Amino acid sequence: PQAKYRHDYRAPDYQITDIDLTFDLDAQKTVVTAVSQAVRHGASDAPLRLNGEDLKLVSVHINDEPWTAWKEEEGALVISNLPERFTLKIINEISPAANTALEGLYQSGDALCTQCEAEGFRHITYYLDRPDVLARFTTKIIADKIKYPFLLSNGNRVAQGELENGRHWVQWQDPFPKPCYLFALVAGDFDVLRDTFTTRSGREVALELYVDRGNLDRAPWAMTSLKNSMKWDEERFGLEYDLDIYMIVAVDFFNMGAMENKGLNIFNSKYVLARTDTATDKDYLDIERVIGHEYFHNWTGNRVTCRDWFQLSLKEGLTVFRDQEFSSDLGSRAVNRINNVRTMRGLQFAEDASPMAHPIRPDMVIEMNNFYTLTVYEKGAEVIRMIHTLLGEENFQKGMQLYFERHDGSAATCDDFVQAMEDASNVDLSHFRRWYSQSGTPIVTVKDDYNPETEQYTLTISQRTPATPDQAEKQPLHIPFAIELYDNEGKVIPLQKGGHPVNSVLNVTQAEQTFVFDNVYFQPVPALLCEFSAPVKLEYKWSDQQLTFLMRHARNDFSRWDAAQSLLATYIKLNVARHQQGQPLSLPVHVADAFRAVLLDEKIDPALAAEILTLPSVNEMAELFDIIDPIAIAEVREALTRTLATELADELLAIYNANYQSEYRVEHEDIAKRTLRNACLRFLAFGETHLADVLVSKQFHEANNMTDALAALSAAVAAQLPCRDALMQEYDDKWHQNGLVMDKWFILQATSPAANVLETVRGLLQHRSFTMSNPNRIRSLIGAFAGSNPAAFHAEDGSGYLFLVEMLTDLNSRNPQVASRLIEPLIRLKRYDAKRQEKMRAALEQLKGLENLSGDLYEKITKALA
């Protein structure tokens, strides 16, 4: 399998302007007829090279003439001796029932549906399966009436008919030209929720949400979220929807979260279906986010698409930024920012140090589905957010307007986006472009000095990015470095120099520089890299009392939470080294006191308190170390939780009872109170055993909503309470028929700290609610074990790796994309000790040797063993 490189991009020899598709649908054998209008742009003797995979070619015509000048090659149909403009007609067969990869046209339960991003359209017919080729689609679908009463594709329904033998047909037409990755087709039987949204200029859009029969009671929240998305995009970005219909279809068998197909989004039902007894606050907020995200792609992705796949972050970074802004405007900005920072530092940083490291605009790709990454998405969004930070909102919106003005209707580049932002703002971003092309996490080192003679504060800031496996050369970036300076009383010291105000966003552009501030009347406590103003590691030698001061005084909530993270970080490192020598947890009293003060501050937003009382995850903790000891980290996380539970027991219980709510509402204040309450319950579960068992058991049985119930069950599992087995059995008994709900239970099983967790997980491969044919179940049991139980996955005997190898040996043949998700924990071997490294390398060497090794695995395994 061959690498492709960004520097090889060339404009296509041929374009296609219009394509007319006809599907004669059947699960064993679907006949596709594709009639394309084509235009040559290159040399007169260049053949047309069409992409195609696993297609049975039936015929090829050019202007109605059967064509003899062609041949098949590996992955292609090459057609020679063409005129300058012509009609290509291809007829071919495909087999949806055989498609376990879930790429192209496949079967989801009894429905037929498509997934075409990145390069799945080529599994449907021979085409220019590349996103700089944009065409107007017309799609006609013919199918059995009983099995497939609903026949959907992009755009508007323009024709309809009945045929002999219980078949029917519909035709659809989408007026906007599109790359084929945005093609969708859905056939099946559904319940439908219908609603409308009226845009700000008075267009009435019909909204339609298709779900499995019986699930209409779980549809309204998604519908509500869609309307909220449409409204927000209008208020914030000035963007309206551009068609009279918007369809969403929830399918159960899907590789990712969702897909922005124009006018016809297809969603993993996990990000659509919710009811108060089935879904958590977090589900409600995730459904909102993903609905928003796919909607926001309608402009940032569809009306302006990507010239080639190396430009993915042009749509994904910008769209992720848009979903974060949406969630933050509607909810708590502080909680959003915090959690996104947790994700960046805890998960994306690890990727940017891994063998899979790449810039947000990659230079080399073997399997493009491997690059739908935390880097491309979350670091991508951080890069967009840095642009926003440098330009300010008003200039950033001008840049948006200019990007659309220049590029609407076309496929664009990351470089085109940056250029629009520069031209609209007159801010120079030449050096800033280096964030698109350099991989890895910059390390920013800060040293300070207060001069009492001159009332000057001096910051000396340096940066460097370490080499990564993809890139030996690294250079300084344009790092927006936001600061605030606090005086003795907790008030902000105006920033200034030589009698003039200076911007609190510093431009850190060199390996090293110095900034000097005048009229610093008291020795300050700095807040550094405010709001995580650049996606970097901060190295700065804080005192605990500077950090508690920031926890008590900083003006942004984010800085308080972040000061609390810096405070724990010292003690996490300390106690990990202790654990390794057999020594128990040590924690200064004043640290415990700083958390006690948060529990009892009544001014404090309960959402902030809950974040500060949610300890860094094992993945966030692991970012603190070069070599990771996953067993020591897990045990320290537990011991710290036990220690705080004991020191704060009274305050914990009181805040728990105070935040009781009788009514359940999906509303920002209610969520915040409940999140705090359940953060208290978590500690309490790790406290005195009898009271823990009582509290947890009681919350689980009396809960009127899944958030309160799952928090209890989760706490019983995590603290291994006596009530655990009973509670777990009750939830199985009640919920076994419901896969999305069972996923949560599989996650708890997989992530259990119990000594026999691997054995329990193996047995759960036979559980009535598990199947290897469903990506959600797979991720919930197997993925959650490998990726979210690092202590068990990295058991000293290597049983964890061996289990994953067995699973991947199945999944490589069945569903390579899911396989490639699941291999990620093994790809990180170079963060572990020599003994673990040897075993992980041996596991990877077995997988390298599979017959029919997928490209997806190949790419990762090769980079890992280098």
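Numbering starts at 1 and follows the sequence shown.
- A summary of the deposited B-factors shows that, of 343-351 and 735-743, the stretch with the larger mean C-alpha value is 735-743.
- Note on 552-560 vs 120-128: mean CA B-factor is higher in 552-560.
- In the deposited coordinates, the residue among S437, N659, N228, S586 with the greatest CA B-factor is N659.
- Within the group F522, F197, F86, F176, the record's highest C-alpha temperature factor is found at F522.
- In this PDB entry, the Cα temperature factor of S543 sits in the top third of its chain's modelled residues, the highest group.
- Ranked within its chain, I19 lands in the lowest third, by CA B factor from the PDB record.
- Residue-level temperature factors show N255 in the middle third of its chain, judged at the C-alpha atom.
- In this PDB entry, the Cα temperature factor of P47 sits in the middle third of its chain's modelled residues.
- When the modelled residues of the chain are ordered by their C-alpha B factor, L808 lands in the middle third.
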